[PDB]
Novice: 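I'd like to ask some things about the structure below.
Side-chain atoms are counted along with the backbone in the values below, which use heavy atoms only and exclude waters and symmetry mates. So that the names make sense, note that chain A is the first sequence line, chain B the second, and so on, each numbered from 1.
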Amino acid sequence: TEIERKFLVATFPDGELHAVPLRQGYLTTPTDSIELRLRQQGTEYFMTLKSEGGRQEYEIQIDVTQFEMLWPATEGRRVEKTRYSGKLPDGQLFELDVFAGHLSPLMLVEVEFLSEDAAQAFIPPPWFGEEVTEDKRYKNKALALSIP
Amino acid sequence: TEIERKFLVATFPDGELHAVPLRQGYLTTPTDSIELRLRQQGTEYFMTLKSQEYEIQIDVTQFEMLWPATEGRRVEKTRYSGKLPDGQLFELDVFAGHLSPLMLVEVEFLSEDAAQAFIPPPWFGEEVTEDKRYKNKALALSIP
Ligand code: NA
Ligand code: NA
Ligand code: NA
Ligand code: NA
Ligand code: NA
Ligand code: NA
C-alpha cells in the first residue's frame, strides 16, 4: 500500500507539468448492493463494478459512445478535474488536481513517499496549502457525492 | 398497450417454431437506487439502466466479462415463436438451469374480448397471468 499525504494548494506551481483531463462518476449511491463507476482517463473509457457483499471487482473498457450515453446517469455524483503530474526539487512525485464544475476552486496536491518516515519527515514546500490527508471530506467519493 | 395471457405448458406443441436462445440477468438487487440488467438476445448483447432508461449495446466480450456478476439473479431460456390455428401469435419459453422444468406460453390478443373469449388449446396448462411468482424478475430472483 502506497504512502501519501494530501494538501490544499496555496499557489499553482511552476515547472514541468503533465496534464490529463479526467471525468469520473457513480451510477450507484453508497447504500446500493454494488458500486458502478464510469471513468474517462484521457482518451480511454471504463466502467467498474465493485461488490463487497459479492468476486469482486470487474472492469470493462468501453468506447466513447457507450460512455457518453451513460454519463448523464452520473449527474450529482461526479468529479471532473485536470490532473497535473510533476516532481518536487528533492524528487518526490506529485499529482495536482484542479477541479471543474461546482467543486471549483478546489485544488489538491497528493505526494507519494518511498519510506513511511520520509512521509513523516516531509516538509511541504510553500506552495502547498493545509494538509487534508485525514479529512474525510476530501476523499474522492466524498467529493463526488457533495452537492452544488 | 398489449393484451396478453400467460400459461404453464402441458405439452410442447408441434408445428412451425422459431427458436431464440436468451440469457438475461440483474447486476442490481430490487432495493438498489437503479436497476442494471444484462441481456443476450441471440447474437447481440445489451446493458440496460433504469432509475429514465438507458440502453447500450455491448459486445460479447463485455457481456461475458460482466455476466458472472449476475449469478443468482438470472433467467436463461429458449424462446419459441409460433402461431395458433386461429392465428394468435404465441411465445413459448423453455427455461434452463434451476428453473427447469418450467415452460411458459404467452399469448397476445388484438382486442380485450378476444382475450376474454380465448379458449386455451389442450396443450396449454394452468393460467398464471396473475401469479406474481411467474413474472420475469420474480423468476430471476428465485433460487435453487
Ligand atoms: Na456531486
Ligand atoms: Na464552487
Ligand atoms: Na503553504
Ligand atoms: Na435466481
Ligand atoms: Na429445477
Ligand atoms: Na391443458
Novice: Flag the one option from A:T29, A:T31, A:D63, A:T65 with the top tally of heavy-atom pairs under 4.5 Å to chain B.
Specialist: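 Heavy-atom pairs under 4.5 Å are most numerous for A:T29.
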Novice: With rounding to the nearest 0.5 angstrom, report the CE to CD distance, B:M47 to A:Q66.
Specialist: 7.5 Å
Novice: So which part of B:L27 gets closer than 4.5 Å to some heavy atom of chain A, the side chain, the backbone, both or neither?
Specialist: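 Both backbone and side chain.
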Novice: Quick one: what part of B:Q57 sits under 4.5 Å from any heavy atom of chain A, side chain, backbone, both or neither?
Specialist: backbone
Novice: Flag yes if more than 12 heavy atoms outside A:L114 fall under 6.0 Å of its CG atom; otherwise flag no.
Specialist: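 Atom CG in A:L114 is not crowded, with 12 or fewer foreign heavy atoms closer than 6.0 Å.
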Novice: Hey, what do you get for CG (B:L36) to OG1 (A:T28), rounding to the nearest 0.5 Å?
Specialist: 9.5 Å
Novice: Between A:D32 and B:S33, is there a donor-acceptor pair closer than 3.5 Å when you use the side chain of the first and the backbone of the second?
Specialist: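 It does hold such a pair.
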Novice: Hydrophobic cluster membership, with links at side-chain heavy-atom distances under 4.5 Å among I/L/V/M/F/W/Y: are A:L103 and A:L96 in one?
Specialist: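 No, because A:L103 and A:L96 fall into different hydrophobic clusters, even though each may have its own neighbours under 4.5 Å.
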Novice: What part of A:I62 lies closer than 4.5 angstrom to a heavy atom of chain B: side chain, backbone, both or neither?
Specialist: both
Novice: Can you confirm whether B:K137 is buried at NZ, in the sense that more than 12 heavy atoms of other residues, nucleotides or ligands lie under 6.0 Å from that atom?
Specialist: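 More than 12 heavy atoms, drawn from other residues, nucleotides or ligands, come within 6.0 Å of this atom.
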Novice: Is the number of heavy atoms from other residues, nucleotides or ligands under 6.0 Å of B:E112 CD greater than 12?
Specialist: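 Count not over threshold, so no.
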Novice: Going hydrophobic residue to hydrophobic residue with side-chain gaps under 4.5 angstrom, can you get from B:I56 over to B:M65?
Specialist: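 Result: yes, single cluster for both.
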Novice: Is it true that, when you exclude B:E126 itself, more than 12 heavy atoms of the residues, nucleotides or ligands shown sit nearer than 6.0 Å to its CD?
Specialist: no
